[PDB]
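Working notes for the structure below.
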Amino acid sequence: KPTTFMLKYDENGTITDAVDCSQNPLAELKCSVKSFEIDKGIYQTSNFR
Amino acid sequence: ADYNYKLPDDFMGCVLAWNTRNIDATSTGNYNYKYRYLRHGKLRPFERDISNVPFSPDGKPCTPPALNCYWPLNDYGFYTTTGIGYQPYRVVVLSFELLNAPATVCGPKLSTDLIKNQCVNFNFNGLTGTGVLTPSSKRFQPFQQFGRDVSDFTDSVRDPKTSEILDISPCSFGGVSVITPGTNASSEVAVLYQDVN
Amino acid sequence: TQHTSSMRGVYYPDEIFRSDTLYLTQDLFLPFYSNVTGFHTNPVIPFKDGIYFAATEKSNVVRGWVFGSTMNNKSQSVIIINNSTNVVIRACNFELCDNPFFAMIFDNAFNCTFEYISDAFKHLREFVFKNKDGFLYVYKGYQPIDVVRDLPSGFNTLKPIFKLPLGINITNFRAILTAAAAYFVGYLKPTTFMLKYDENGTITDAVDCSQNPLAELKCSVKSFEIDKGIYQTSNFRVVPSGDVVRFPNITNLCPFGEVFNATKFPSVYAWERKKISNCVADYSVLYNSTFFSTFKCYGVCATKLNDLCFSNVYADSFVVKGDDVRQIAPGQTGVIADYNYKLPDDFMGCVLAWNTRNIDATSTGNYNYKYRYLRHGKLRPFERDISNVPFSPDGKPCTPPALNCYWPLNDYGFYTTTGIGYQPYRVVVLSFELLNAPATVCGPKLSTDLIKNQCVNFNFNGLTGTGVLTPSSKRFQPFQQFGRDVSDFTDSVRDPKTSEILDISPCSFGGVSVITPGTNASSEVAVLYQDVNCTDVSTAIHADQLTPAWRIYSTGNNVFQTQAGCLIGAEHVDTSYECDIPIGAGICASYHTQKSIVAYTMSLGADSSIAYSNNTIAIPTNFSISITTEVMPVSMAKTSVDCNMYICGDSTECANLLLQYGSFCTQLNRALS
Amino acid sequence: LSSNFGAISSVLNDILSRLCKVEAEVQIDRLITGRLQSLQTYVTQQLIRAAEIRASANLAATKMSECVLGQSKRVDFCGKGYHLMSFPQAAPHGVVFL
Amino acid sequence: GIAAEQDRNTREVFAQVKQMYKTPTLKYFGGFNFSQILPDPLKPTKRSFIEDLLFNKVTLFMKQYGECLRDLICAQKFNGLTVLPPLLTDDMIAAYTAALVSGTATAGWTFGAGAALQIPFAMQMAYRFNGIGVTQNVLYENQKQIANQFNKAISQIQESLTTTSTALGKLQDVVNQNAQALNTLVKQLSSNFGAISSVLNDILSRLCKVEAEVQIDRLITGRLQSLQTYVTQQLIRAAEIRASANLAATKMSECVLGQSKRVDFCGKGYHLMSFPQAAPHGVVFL
Amino acid sequence: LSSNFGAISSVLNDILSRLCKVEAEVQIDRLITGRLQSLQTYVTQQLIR
Ligand SMILES: C=CC1=C(C)/C(=C/c2[nH]c(/C=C3N=C(/C=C4\NC(=O)C(C)=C4C=C)C(C)=C\3CCC(=O)O)c(CCC(=O)O)c2C)NC1=O
Ligand SMILES: CCCCC/C=C\C/C=C\CCCCCCCC(=O)O
Ligand SMILES: CCCCC/C=C\C/C=C\CCCCCCCC(=O)O
Ligand SMILES: *[C@@H]1O[C@H](CO)[C@@H](O)[C@H](O)[C@H]1NC(C)=O
Ligand SMILES: *[C@@H]1O[C@H](CO)[C@@H](O)[C@H](O)[C@H]1NC(C)=O
Ligand SMILES: *[C@@H]1O[C@H](CO)[C@@H](O)[C@H](O)[C@H]1NC(C)=O
Ligand SMILES: *[C@@H]1O[C@H](CO)[C@@H](O)[C@H](O)[C@H]1NC(C)=O
Ligand SMILES: *[C@@H]1O[C@H](CO)[C@@H](O)[C@H](O)[C@H]1NC(C)=O
Ligand SMILES: *[C@@H]1O[C@H](CO)[C@@H](O)[C@H](O)[C@H]1NC(C)=O
Ligand SMILES: *[C@@H]1O[C@H](CO)[C@@H](O)[C@H](O)[C@H]1NC(C)=O
Ligand SMILES: *[C@@H]1O[C@H](CO)[C@@H](O)[C@H](O)[C@H]1NC(C)=O
Ligand SMILES: *[C@@H]1O[C@H](CO)[C@@H](O)[C@H](O)[C@H]1NC(C)=O
Ligand SMILES: *[C@@H]1O[C@H](CO)[C@@H](O)[C@H](O)[C@H]1NC(C)=O
Ligand SMILES: *[C@@H]1O[C@H](CO)[C@@H](O)[C@H](O)[C@H]1NC(C)=O
Ligand SMILES: *[C@@H]1O[C@H](CO)[C@@H](O)[C@H](O)[C@H]1NC(C)=O
Ligand SMILES: *[C@@H]1O[C@H](CO)[C@@H](O)[C@H](O)[C@H]1NC(C)=O
Ligand SMILES: *[C@@H]1O[C@H](CO)[C@@H](O)[C@H](O)[C@H]1NC(C)=O
Ligand SMILES: *[C@@H]1O[C@H](CO)[C@@H](O)[C@H](O)[C@H]1NC(C)=O
């Protein structure tokens, strides 16, 4: 299906991890800030669709 | 383009032309088609001039067979045995408007029954979009088909089959927040929805 | 027989439903409080880009119109008529009688083009007629007035009823009457208006932005009710006076028959260049003789070649075959574009080509034309190579008849009985510069005498604009024509007929401020001009071109010279008050009393005097307890935005195009959070 | 949001309904840049207004510290006269000192 | 909004007093010579001597259509950029400062909080000495010395102002910054921003309509960005000026209208008095 | 510096390598305006900080 993904490359150019940006709100947050690490708090994500 | 037929700069239409030598050209010549080559100015777009007054380089009228007084029309002479630059062509120019007015010439696309109170993809007279359709209390003049709000978004439509007015609303609404501890602490989150009870 | 159009003649501009909005537009409108001409109980009234026609009657005397150009047999005309129980629209060649009456109005009709019949059928009937792009637009409205002897005041919106595809040269018109009534005629002008819609979609009130400073302010802030104060406003006033066209005086027709009707052209590898100078490029004279299969211009619209003058005109001539004409273009590859003739990437000029099979082709075969198909590199733009050294794939010279040694030129073989891709074509390439150098090849435009010290529209060798022409003290080199400012705005030009230097300046200068109380309080305003004396406002604002209601606000008795400008429309007093509307430089204004706007010098405070002494002291004997309030802001509203809903909405195509600008919204979210 | 920024219209649906891909993308990018510029202008004005509000709130905090929780000898810091006391009251988005 | 804030700044700094006290006829109070910071009737101008020097230290619009027809101001005005006059004339600000100095010299500190009360100047100076930690007699057995030192320090201030130097440098910085910003707007008008030229007239004189809106829209967006950048820089500079004006207002309320115990708020040392003088777009405290 | 701002690529080299003089100028102008806007936004935020 047409889907947006965020992919991680290691030191040898090999894809080791990914985030599916439409699975749950936490992954939407991860794709929005472009990181695999989210700090503690409350974040405004995109509106309900 | 100067003396016979002009198009506007902003045209919105289609030009079609095809070769018609087997019909409009005869062996001995066909002199029934004419064009104007003398005029005191240029034409405006979509303007016609069918007069045949004799022409003078100054504005004063004159008798035809005298000096400096010409006939402004000139003959295409079409023969069967000439090059393709001198062969006759038939031209049809089609002019129309799009997505602004009531429309009576449509494409071969098939229709579907209405759906109320649900986010759907709609195609109203060629106007595509995605939203929720609801009955309206707005009153449309007979020369109006669409309606716009303060931000020029098409919000009202008249049904082309059963002529009723409908509002279109977006189907995304309300703000969402995610409450989390650190990612290294846990992967569990809480979701807060404003604007819902 | 002269009356006023008191805020009438407004129509629906579109077919889009709008409710509870202010919509500001610009079109052909009848100006508010403008002149209309009344006709009471019929000549050929001239037509000028639309009219407003109003009919007041009680026995239905006006029954239609005739539109056309000459009112003669020799042009097409349209009649719109209302015979009893029909409405007839007809566009034909009419032998129009001198007196058309009983709705008899023509003698004979022939060459009929348009025809329309409607279905079978104390008052004010209003129509707007406008001619545009081969369509005649007719707008209609109606009011039940009781009695009048003029055009009554009011407001009414006209609806579109007709859009007729006639294509007629309409420059005159005449009404058609039966045999007491009145009809009034007004003229439309290009004007900016603002319109107010109801909750039902009806246009109920409008603002014209050229009659008063007040309405200019109202549509300057896009509102109908204005608060109390002073506001800076725009320049919705000035129209240019006239036209000045200056061109070099050249009388020679330009050598079209020498360039196009030549006896022979060269080969494409030995193409020839000619200079064109001191001529008038009237290419209309080719409209009976020479016809071009290719004509393409680069850097300039083809419809403006008659309005320009050209600096350095050169003509290149050669002969190719039919398939190679597509290679005469700025970016191309092929044998001609690589080894024979190349155009620059930023070429400005025109390419012309025509078929020459009756001259350059023989039944035996013409072998006089050549082209180079072997070279060690590519030609530069406008470079030529007419050598005939034998070619080798390596760089060494070689003897002709040996191995791997070829002759670099090849023959075009032109027969009468071949396809059109193998038929000869004559090509002429014209190259020039525009609007930066002295010029001597102009178009056929006619000149006009100079008008100085006035805001006009000018045309100096193709350079158009609007400004004020004054003599200058500069000195130009012989190779210079124009002069530029620090903002690269053309301010100097040498007159091509009488070689003198002129200075071009804008005709708008200074600011205008409007001092007003509330719109609910009154409709009277005062106007402040900052950077002029009002000994000298008449020259500065061009007061002569304005409406009469604007000339009462430029000279008068209530003028007053302040240090911030001078003020017109307020009464000066010698009593000082603490002020509410600050004009500036110590001057303030207010709405005091017969209410009027007054202007005074503001008061610094009360006057006092304390008697200094070296041996007396003042001591308080009693006291009071006072409580004073103080209000301070602490926070404002916290807000958040979503880029995807704001920019794209619900579209997935825009949402996919927004992945490029992904870092430009996380930054905004970080700032707002 | 009803500006077209030099495109054929301000509605994305009307651009997508009658133009094909290259021309439509050329028209759409103008609207994207214009709307993103409008958002940037809004955020910049919000930042400047927040700086002014923060200065006002710092002054209100030091006023409540030095005038409600003590007696100040600074001239005209709290009232017009010789300061005796002060009382705070809450206001919408602000504070009032008596 | 910025233009209204400037007048609000000037009013909240200088319009502190509710009464306009007359300048006394005598300018000699107990040996203290006040004639260099008060207006005099013999001099044709209305301001003071030190204010005259201050207004001559900082260097700095009467153009009309007949006046200029390569001036930078007329080039600004022809392109739609204008400068508005301040609401308060410099003579009104000089009147305000003269009222403040007269109230300090005649009524002391009491006119800031309530009505003014007359007091001889030597007793006021003894009260100022008492609020520092020095006793009341130290003024009275050393009055002529203190008066002579006051007069000598005033003369030193006058000499150091009348010699050429780089004092009053930040007011000059302010006027330089404003002039530079307006000149940058005028010179930014000769960029083509991705069009074929920067002139509208020649790109209308030789192009078809549809391409002409493309080039015109490129020029329009470029010039609109230029104006937006100018307005943003003006708002930031206005915020800085407003902070400075608030500090000036509290300094005048706490140092001209009273005696301050805050260290180094008003001068270096133990504060006795302060006097305000007007400067172009600013104030000077002695 | 990797956005293309409505051009065909964000690299100046590969659009000078295969496009042609005035088309190349048309794309490079869009890239220039985008990067100037980035620098403007950075300087404005630095002034406020
Ligand atoms: C001249 C061209 C012409 C036009 C443009 C036209 C339009 C027109 N006239 C109408 C009615 C009408 N038309 C007329 C008569 C006239 N109307 C006129 O424009 C003129 C000049 C006369 C006089 C000869 C009358 C009396 C009505 C009845 C309106 C009523 O009482 O409701 C109507 C129907 C409106 C309605 O009944 O609600 C239209 C559309 N009729 C015409 O003849
Ligand atoms: C005399 C040699 C040419 C000199 C022309 C000088 C300047 C160029 C000005 C106009 C170019 C017109 C070229 C002919 C256009 C033919 C149009 C047509 O029929 O389709
Ligand atoms: C036969 C397959 C060749 C594959 C070449 C691949 C890429 C190169 C693209 C174009 C060059 C060859 C095409 C022929 C062009 C003819 C040019 C001319 O003579 O006017
Ligand atoms: C990368 O490759 C090197 C050598 O091949 C290896 O030592 C190292 O473990 C690899 N690292 C990863 C993350 O694959
Ligand atoms: C066809 O269109 C007409 C409107 O002209 C409408 O009245 C009618 O109901 C339509 N037919 C059907 C089957 O819906
Ligand atoms: C949610 O619904 C309940 C049910 O009546 C109601 O009592 C409550 O007030 C609603 N919440 C809000 C915020 O209005
Ligand atoms: C308009 O008509 C009036 C008649 O009252 C006349 O005085 C005035 O000159 C006319 N306007 C013009 C521009 O001629
Ligand atoms: C047109 O009218 C004129 C005027 O009488 C007449 O002389 C002429 O013959 C008419 N032409 C035709 C074609 O009827
Ligand atoms: C116009 O009206 C008259 C009288 O009412 C009628 O005889 C005539 O037929 C009408 N015209 C047309 C074209 O029907
Ligand atoms: C106009 O009428 C004349 C007859 O007088 C005819 O010869 C000519 O062809 C007509 N023109 C058109 C365009 O029909
Ligand atoms: C026809 O229209 C042209 C402009 O398109 C105008 O110059 C000419 O004068 C008109 N004809 C007559 C007879 O007036
Ligand atoms: C809209 O139309 C209704 C229909 O009767 C009318 O009652 C109402 O007054 C109209 N709206 C306005 C603003 O007049
Ligand atoms: C001009 O062209 C015509 C067209 O064939 C030709 O007959 C004539 O000889 C040419 N004139 C000259 C001087 O070459
Ligand atoms: C155009 O060419 C024809 C061909 O014979 C000629 O009769 C006519 O006079 C020419 N036109 C002019 C204006 O000379
Ligand atoms: C023609 O131009 C020349 C400039 O070379 C000028 O001296 C002369 O006056 C002009 N002719 C007329 C009639 O003005
Ligand atoms: C003055 O003092 C007397 C008693 O000392 C008091 O009654 C009176 O109210 C005071 N004056 C005022 C205005 O309060
Ligand atoms: C006060 O100082 C001025 C300036 O030095 C001087 O002219 C004047 O005489 C002094 N006043 C007295 C009373 O000496
Ligand atoms: C005109 O204005 C100039 C510049 O402000 C001034 O010097 C001059 O005195 C004024 N003249 C009159 C007559 O007002």
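Protein chains in written order, with the authors' numbering: chain G, 258 to 306; chain X, 406 to 602; chain C, 31 to 71, 78 to 139, 151 to 168, 180 to 237, 249 to 662, 671 to 750; chain P, 948 to 1045; chain R, 751 to 810, 815 to 823, 829 to 1045; chain Z, 948 to 996. We treat Cβ as the ideally placed atom computed from N, Cα and C, and that holds for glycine.
Collapsing the DSSP output to three states places C/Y723 in a helix. Note that the C-beta distance between X/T535 and X/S574 is not below 8 angstroms. Residue-level contact by beta carbon holds for R/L846 and chain C, with a gap shorter than 8 angstroms. The beta carbon of C/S353 sits no closer than 7 angstroms to any heavy atom of ligand 14.
Comparing alpha-carbon positions, the option among C/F62, C/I152, C/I46, C/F47 lying closest to C/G39 turns out to be C/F62. Taking 8 angstroms as the threshold, the shortest C-beta distance from R/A872 to chain P falls below it.
Shown here is that no member of the region 1000 to 1028 of chain P has a Cβ falling below 8 angstroms from a Cβ of chain Z. Distance from C/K188 to C/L58 at the Cβ level is roughly 6 angstroms; contact confirmed, criterion being Cβ atoms closer than 8 angstroms. By the Cβ criterion, the region 568 to 583 of chain C is not in contact with the region 492 to 507 of chain C, since fewer than three pairs of Cβ atoms, one from each stretch, lie closer than 8 angstroms.
Counting only residues whose CB is nearer than 6 angstroms to a non-hydrogen atom of ligand 14, the list in chain order is X/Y475, C/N357. Between R/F784 and R/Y855, the C-beta spacing is not below 8 angstroms.
Contact residues of ligand 8 (beta-carbon closer than 7 angstroms to any heavy atom; chain order) are C/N109, C/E131, C/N155, C/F157. Every residue whose beta carbon comes nearer than 5 angstroms to a heavy atom of ligand 17 appears here in chain order: R/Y778, R/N783, R/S785. Residue contact check for G/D277 against chain X: no CB pair falls below 8 angstroms. If one requires a minimum length of 3 residues, the beta strand (DSSP E) runs lying completely within the region 516 to 545 of chain C are 524 to 529, 532 to 540, in chain order. By the criterion of a C-beta distance shorter than 7 angstroms, P/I975 is surrounded in its chain by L959, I962, once the five residues flanking it on both sides are discounted.
Every residue whose Cβ sits closer than 7 angstroms to any heavy atom of ligand 5 is listed here in chain order: X/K566, X/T567, X/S568.
Not one heavy atom of ligand 3 is found less than 7 angstroms from the C-beta of C/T433.
Comparing alpha-carbon positions, the option among C/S310, C/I319, C/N435, C/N96 lying closest to C/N347 turns out to be C/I319.
Residue state for C/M709 is assigned as strand, using DSSP reduced to three classes.
Between ligand 16 and the CB of C/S701, the shortest heavy atom gap is smaller than 7 angstroms.
Chain Z has a Cβ within less than 8 angstroms of the Cβ of C/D414. For R/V860, there is no enclosing beta strand (DSSP E); the residue is part of the alpha helix (DSSP H) that begins and ends at 849 to 866. Residue ranges of uninterrupted beta strand (DSSP E) with 3 or more members, entirely inside the region 82 to 106 of chain C and ordered along the chain, are 87 to 93, 98 to 104. Between C/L443 and C/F460, the gap from beta carbon to beta carbon is short of 8 angstroms. Between the beta-carbon of C/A658 and that of R/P844 there is about 15 angstroms, and that puts the pair past the 8 angstroms contact cut.
Excluding residues up to 5 positions away in sequence, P493, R495 lie with their Cβ nearer than 6 angstroms to the Cβ of X/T425 in the same chain.
Per DSSP, C/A506 lies in no beta strand (DSSP E) and is assigned neither H nor E.
Note on geometry: alpha-carbon atoms of C/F364 and C/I397 lie some 11 angstroms from one another. For C/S717, a Cβ of chain G is located within less than 8 angstroms of the residue's own Cβ.
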